[PDB]
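Engineer: Got an experimental structure here, sequence first:
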Amino acid sequence: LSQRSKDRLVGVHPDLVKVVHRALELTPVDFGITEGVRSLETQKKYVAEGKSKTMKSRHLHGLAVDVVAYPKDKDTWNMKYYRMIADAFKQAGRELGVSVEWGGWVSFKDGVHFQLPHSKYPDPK
């Protein structure tokens, strides 16, 4: 049973929180949560620093988490370890009846990234 540290799911949408907790239960590789909610200021920097594309991002409204694998051999950035987690997120999505999206040959940045879909969980107007 993988136990979670002090992780800021606080303000993350409860549908996604519950998917998180369950994916952990059923994960081959232990993981943590790097970012949950991202401030509009932090977001602004990221656009200008040429990181993120639009001024829009799931992270603003608690509709995204990014994870980091803790895979024993310490091999933190191994593509596969993120797919083992995607699989665990998808399945917790199948239970719980939540449609979860994975970033997904998958770049690190895409592979750490989970969100609740736009249709079901839309941005404020």
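Structural biologist: Perfect, thanks for sending it. Residues are numbered from 1 along each chain as shown.
Engineer: Run a quick neighbour tally on residue 40.
Structural biologist: 9 (other C-beta atoms under 10 Å). In this view, the C-beta of every residue, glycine as well, is placed from N, C-alpha and C.
Engineer: From residue 32, how far off is it?
Structural biologist: The span separating residue 40 from residue 32 equals 24 Å under the rule C-beta to C-beta, to the nearest Å.
Engineer: continuing past the helix with the most length in the chain, what's the next helix or strand?
Structural biologist: As assigned by DSSP state H, the longest helix anywhere in the chain is helix 79-94. The helix or strand immediately downstream of helix 79-94 is strand 101-102, counting by DSSP states H and E.
Engineer: quick one: contacts of that following strand?
Structural biologist: With contact meaning C-beta atoms under 8 Å, 6 or more residues apart in numbering, strand 101-102 is reached by 86, 89, 90, 111, 113, 114, 115, 116, 117.
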